Amino acid sequence: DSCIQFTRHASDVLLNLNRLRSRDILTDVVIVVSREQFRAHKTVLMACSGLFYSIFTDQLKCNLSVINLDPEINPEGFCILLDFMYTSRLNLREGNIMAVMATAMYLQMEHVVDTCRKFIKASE
Amino acid sequence: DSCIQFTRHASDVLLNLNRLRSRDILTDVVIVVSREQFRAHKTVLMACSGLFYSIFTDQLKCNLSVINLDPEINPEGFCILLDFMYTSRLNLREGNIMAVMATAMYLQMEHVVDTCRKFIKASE
Amino acid sequence: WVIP
Amino acid sequence: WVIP
Ligand SMILES: O=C1Cc2cc(Nc3ncnc(Cl)c3Cl)ccc2N1
Ligand SMILES: O=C1Cc2cc(Nc3ncnc(Cl)c3Cl)ccc2N1
Ligand SMILES: [Cl-]
Ligand SMILES: [Cl-]
């Protein structure tokens, strides 16, 4: 086509989606990670995670308002990944990298799994 | 913070949101523009438009499944702007620029209004 | 705005 | 990935 493109559009959309999440606006699901609960938008979770994409395209699970993750999932690792979904920024630290990588593998977030593998390899 | 950032994350999210729109997955509103109907995600519309942001934060309108736009709104201009919301690409042509600018002013999409004003000024 |  |  002969379209023009606004460079900052995708980033501006994601920024506003994070503002709606922070104010709990039109969030339609709560993700339960052991004792912790995280409110989010199903569409953003599906857009970021192969696991959520599979869950919310399922004809019965698409209608659930609560999703319980596997008890081995670390709430902090999930929190870091949810923040990444809504911002493009990943808070990867020596103290959380193992939990972040395991959570990213479970959530099927291949680019996160890749940078965790590389950061771990450099420390070996 | 000491976060790392994935450059293509926002663009990848928007691409997946457009894929969900194309397959009519988790769309929660229909925008009526005279004889034409457009299915979308309320969160994406709010993230792109000052008008939709105001509509869907309203305590009664947030729950509506159908929104009727002003009868002066051109369906093609709306279609072009909805495509822009979900892709960052604007199909701006001599034959549609007036309708696109008027629709962008109504929808409160200031960056689109700006490029339309500039493209019109160059042709004068 | 750019030519993509 | 970059340092933002
Ligand atoms: O590493 C990742 C990130 C990811 C996201 C999704 N999401 C979607 N993919 C294709 N079409 C659609 Cl419609 C969506 Cl929402 C699926 C798999 C994966 N894997
Ligand atoms: O030209 C534009 C594009 C636009 C989007 C929105 N959206 C939001 N703004 C602030 N916080 C939130 Cl939560 C959202 Cl969703 C509001 C005004 C405008 N004007
Ligand atoms: Cl990822
Ligand atoms: Cl805009």
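The chains referred to below are lettered A, B, ... by the order of the sequence lines, with proteins before strands, and numbering in each begins at 1. Order of appearance sets the numbers: ligands from 1, and atoms from 1 within every ligand. When reading the values below, keep in mind they use all heavy atoms of this one structure, side chains included, and skip hydrogens, waters and symmetry mates.
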Trainee: Can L26(B) be reached from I67(B) by stepping across I, L, V, M, F, W or Y side chains whose heavy atoms are under 4.5 Å apart?
Mentor: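 Hydrophobic grouping puts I67(B) with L26(B).
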Trainee: Let me know which protein residues bring a heavy atom to under 4.0 Å of ligand 2; chain then number is fine for ordering.
Mentor: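 Residues near ligand 2: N16(A), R19(A), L20(A), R23(A), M46(B), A47(B), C48(B), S49(B), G50(B), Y53(B), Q108(B), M109(B), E110(B).
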Trainee: Taking the side chain as every heavy atom from C-beta outward, state whether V2(C) and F6(A) have any atom pair closer than 4.5 Å.
Mentor: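 SC-SC contact between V2(C) and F6(A) ruled out.
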Trainee: Treat each ILVMFWY residue as a node, draw an edge where side-chain heavy atoms are under 4.5 Å apart, and state whether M85(B) and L15(A) are in one component.
Mentor: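 Not linked; separate clusters.
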Trainee: Under the rule for salt bridge (charged side-chain N to carboxylate O under 4.0 Å, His left out), what residues qualify as partners of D83(A), not counting sequence neighbours?
Mentor: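 Here the qualifying residues are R21(A).
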Trainee: More than 12 foreign heavy atoms under 6.0 Å from CZ of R8(B): is that the case here?
Mentor: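 Not buried by this count: 12 neighbours or fewer within 6.0 Å.
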Trainee: I'd like to know if the side chain of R19(B) pairs up with that of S22(B) as donor and acceptor (distance under 3.5 Å, no hydrogens or angles considered).
Mentor: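 Checked: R19(B)/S22(B) side chains show no N/O donor-acceptor pair below 3.5 Å.
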